[PDB]
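Asks: Have a look at the structure that comes next, please.
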Amino acid sequence: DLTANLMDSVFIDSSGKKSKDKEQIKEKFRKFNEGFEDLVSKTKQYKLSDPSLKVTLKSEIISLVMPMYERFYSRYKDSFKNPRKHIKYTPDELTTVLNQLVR
Amino acid sequence: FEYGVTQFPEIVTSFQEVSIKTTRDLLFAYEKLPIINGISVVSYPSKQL
């Protein structure tokens, strides 16, 4: 769902200009962070027992998320002098979050 | 109208300090995980601002 309406949020505003609709910047990127930390939050409820399930769900959801944020992060990282105040994560640090989502 | 480069140096060494204090005021955005145990507010201290 997160990846779904993330790249759908790319799709619906794929029509016009660069995001002078900065509600689209903080729409896609803020609500992406919202649902991302919702998913990390409810990931904490469950603690796995098979190590190969840890590898499995780990690399599955990594392969689900990443290239969207690669082409999309890297597509839209050119909007402010501090995108920091609108966009939060690298793929480096988000990758690290996923890699310590799986303790 | 030119030049006297002590203009230009002090034109820098505050702009960078603006960037660092930008990275202490706006420091508390990027952490940012659940619970949320969000132990610092991203736009916090209006008094101290």
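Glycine also receives a Cβ, built like all others from the backbone with ideal geometry; neighbour counts cover every protein chain displayed. No value in this document is a laboratory result; all are computed from the given coordinates.
Asks: Can you pull out the residues in the stretch A:70-101 that are within 16 Å of A:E34 (Cα to Cα) and touching a residue at least 60 places away in the same chain (Cβ under 8 Å)?
Replies: Those that are within 16 Å of A:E34 (Cα to Cα) and touching a residue at least 60 places away in the same chain (Cβ under 8 Å): A:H86, A:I87.
Asks: Just checking, does the stretch A:79-88 include any residue being aromatic (F, W, Y) and surrounded by 15 or more Cβ atoms within 10 Å (Cβ to Cβ)?
Replies: No - not one qualifying residue is present in the stretch A:79-88.
Asks: Also, I was wondering about something else. Output the residues belonging to the stretch A:67-103 that are of a type in the set (A, V, I, L, M, F, W, C) and either part of a loop (DSSP other than H, G, I, E, B) or closer than 20 Å to A:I12 by Cα (or both).
Replies: Across the stretch A:67-103, the qualifying residues are A:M68, A:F72, A:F80, A:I87, A:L101, A:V102.
Asks: All but one of (1) more than 11 Å from the chain's Cα centre (by Cα); (2) more than 14 Å from chain B (Cβ to nearest Cβ); (3) not hydrophobic (A, V, I, L, M, F, W, C) hold for A:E70, so report the exception by its number.
Replies: Going through (1) more than 11 Å from the chain's Cα centre (by Cα); (2) more than 14 Å from chain B (Cβ to nearest Cβ); (3) not hydrophobic (A, V, I, L, M, F, W, C) one by one, A:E70 breaks only (1).
Asks: Restricted to the stretch A:36-59, and to residues that are part of a loop (DSSP other than H, G, I, E, B) and more than 9 Å from every other protein chain (Cβ to nearest Cβ), which residue is nearest to B:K32 (Cα to Cα)?
Replies: A:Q45
Asks: Residue check: is B:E17 farther than 30 Å from A:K42 by Cβ, part of a helix (DSSP H, G or I), away from chain A (no Cβ under 14 Å) and charged (D, E, K, R)?
Replies: Answer is yes for this residue.
Asks: Criterion first (closer than 30 Å to A:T96 by Cα, within 14 Å of another protein chain (Cβ to nearest Cβ), part of a loop (DSSP other than H, G, I, E, B) and out of contact with any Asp or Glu (no Cβ under 8 Å at 6 or more places or on another chain)) does B:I35 satisfy it?
Replies: yes
Asks: While we're on this one: Give the residue, chosen from A:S15, A:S9, that is surrounded by 16 or more Cβ atoms within 10 Å (Cβ to Cβ) and away from chain B (no Cβ under 12 Å).
Replies: A:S9
Asks: Need pairs with beta-carbon distance below 9 Å; first residue of a type in the set (K, R) and within the stretch A:1-25, second assigned to a loop (DSSP other than H, G, I, E, B); sequence gap 6+ or separate chains.
Replies: Listed by first residue and then by second, the contacts come to A:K18/A:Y76; A:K18/A:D78; A:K18/A:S79; A:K22/A:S79; A:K22/A:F80; A:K22/A:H86.
Asks: Return the residue satisfying two criteria in turn: it lies in the stretch A:26-47 and is exposed (fewer than 13 other Cβ atoms within 10 Å of the Cβ) and of a type outside the set (F, W, Y), and of such residues it is farthest from A:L101 (Cα to Cα). Quick ask: steps written out before the conclusion?
Replies: Taking the stretch A:26-47 and keeping what is exposed (fewer than 13 other Cβ atoms within 10 Å of the Cβ), we get A:34, A:42, A:44-47.
Among the residues that remain, those that are also of a type outside the set (F, W, Y) are: A:34, A:42, A:44-45, A:47.
Values: A:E34: 16, A:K42: 11, A:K44: 8, A:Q45: 11, A:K47: 10 Å.
Among residues in the stretch A:26-47 that are exposed (fewer than 13 other Cβ atoms within 10 Å of the Cβ) and of a type outside the set (F, W, Y), the one farthest from A:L101 (Cα to Cα) is A:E34.
Asks: Further, regarding this structure: Within the stretch A:7-35, track down each residue that is part of a helix (DSSP H, G or I) and farther than 24 Å from B:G38 by Cα.
Replies: A:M7, A:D8, A:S9, A:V10, A:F11, A:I12, A:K22, A:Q24
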